[PDB]
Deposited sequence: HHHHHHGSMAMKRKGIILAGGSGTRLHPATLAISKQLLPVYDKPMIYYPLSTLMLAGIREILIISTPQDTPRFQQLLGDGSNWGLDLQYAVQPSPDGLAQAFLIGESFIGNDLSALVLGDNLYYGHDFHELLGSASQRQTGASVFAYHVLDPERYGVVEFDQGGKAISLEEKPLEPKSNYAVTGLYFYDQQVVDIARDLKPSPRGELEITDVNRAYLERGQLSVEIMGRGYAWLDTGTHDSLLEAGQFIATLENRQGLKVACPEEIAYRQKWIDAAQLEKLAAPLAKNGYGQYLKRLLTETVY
C-alpha cells in the first residue's frame, strides 16, 4: 500500500565522441566557456528558471570530477546536485536508465548540456511546462536545417501529428529543442526502447510514445527566442559573440546561476555576498556584488 499526500532535473553532459576533436581532446565540450562562463551554466540556469532544485549531472567517468570541482553538491546555490557517469554514449534516452534511482517516483526534466536558450518571459514559459503534471512537454523552434534534429509535423489546425529523427526530407522546419518535461511514465518508456541503426536509445522514440498516447504537448518557441547549440566550432563562436553582445549592452548576465538562485530566494544576500568574495577582483564577482544594491525589473 502506497500513500499519496517536486520535479527533478537531469543535465546530459556526456561525451560528444570525437566530432570536435582536437579542440575537445583535453576536456568535455560542456566545460568549454561560452563567452564568460562554462557551457554547463546555461542549461543549469534553464532548469533553475523552471523552478527545479534537485539536479543530476550525467557525464563521462573522465570528466565527472571536473564538473564536481566546478559545481560541488549545489549547497552554495540553494540546490542539490548529484552526479552519475555514462561509461559509453549510448543515446539521449539512456539518461532515464542511468537516472532511474535519482528520479524515483517524481516528475522529471531533461536538458542537453550544450543547449543555450535566450528570450523574454522565458522563466514564465518554463513555469507553464513544469506545472503541467501529466504527459510530456517539448518545445518546437523554426530552424534553417531541420534535418539535423527531431522534426515535428503539424496539421492544418496546428496540432502535432508526427515526429521524425533527422529526416532527409523534413516535413517542417520545426525542430524539437533540447529541453524535455516528463511525467512518471518516462523511465518505463525508456526501459522498453531498443537501439536505433546508430546503436542509440533515441529521445524522439520516447516523445513519439507520448504522442501516440495523446499525451505530448508541443509548445512553439517563437522567433523572438534564441535557441542556440554549440554543435560546430563555428556555432560555438557565434554563441559566445551573441552572449557577449547582450551582456555588454545590458550590463546583465545571461545564465548566472548565483543571480538566479538569489532572485528565486534559494539563497539570501548574506550568502550571495560570500559567493562574490573569491571573485571580487574580476568582472563576475563585481557583478554579483552589484546585484545586492540594484533593483532589476
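Taking the first deposited residue as 1, the stretches without any C-alpha atom are 1, 7 to 11.
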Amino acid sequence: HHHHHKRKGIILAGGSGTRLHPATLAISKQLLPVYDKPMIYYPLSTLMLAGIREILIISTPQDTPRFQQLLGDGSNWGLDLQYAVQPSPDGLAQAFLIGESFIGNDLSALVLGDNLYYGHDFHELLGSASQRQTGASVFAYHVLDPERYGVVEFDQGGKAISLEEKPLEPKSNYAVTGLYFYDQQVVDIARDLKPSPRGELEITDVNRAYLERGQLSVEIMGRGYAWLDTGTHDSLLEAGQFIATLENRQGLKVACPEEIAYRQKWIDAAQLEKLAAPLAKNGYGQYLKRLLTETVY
From here on, numbers count along this sequence of modelled residues.
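Only the largest set of C-alpha atoms that superpose within 1.5 Å between the two forms is called the rigid core.
Relative to the displayed structure, the C-alphas of 121 to 129 lie farther away on average in 8 other deposited structures of this protein than those of the other candidate, with 92 to 100 and 121 to 129 compared after rigid core superposition. Of the two segments 228 to 236 and 40 to 48, the one whose CA positions lie farther from the displayed form in 8 other deposited structures of this protein, once all are superposed on the rigid core, is 228 to 236. Between the stretches 202 to 210 and 143 to 151, it is 202 to 210 that shows the larger average CA temperature factor. Legend: mean Cα B-factor per stretch from the PDB entry, 220 to 228 versus 159 to 167; the higher mean is in 159 to 167.
When the Cα B-factors of 177, 82, 172, 130 are read from the PDB record, 130 comes out highest. Within the selection 78, 119, 195, 72, the deposited Cα B-factor values reach their highest point at 195.
In the PDB entry, residue 10 places in the lowest third of its chain by CA B-factor. Sort the modelled residues of the chain by CA B factor and residue 62 lands in the middle third. Looking at the C-alpha B-factors along this chain, the one for residue 27 belongs to the highest third. Looking at the C-alpha B-factors along this chain, the one for residue 238 belongs to the lowest third. Sort the chain's modelled residues by C-alpha temperature factor and residue 125 lands in the highest third, per the entry.
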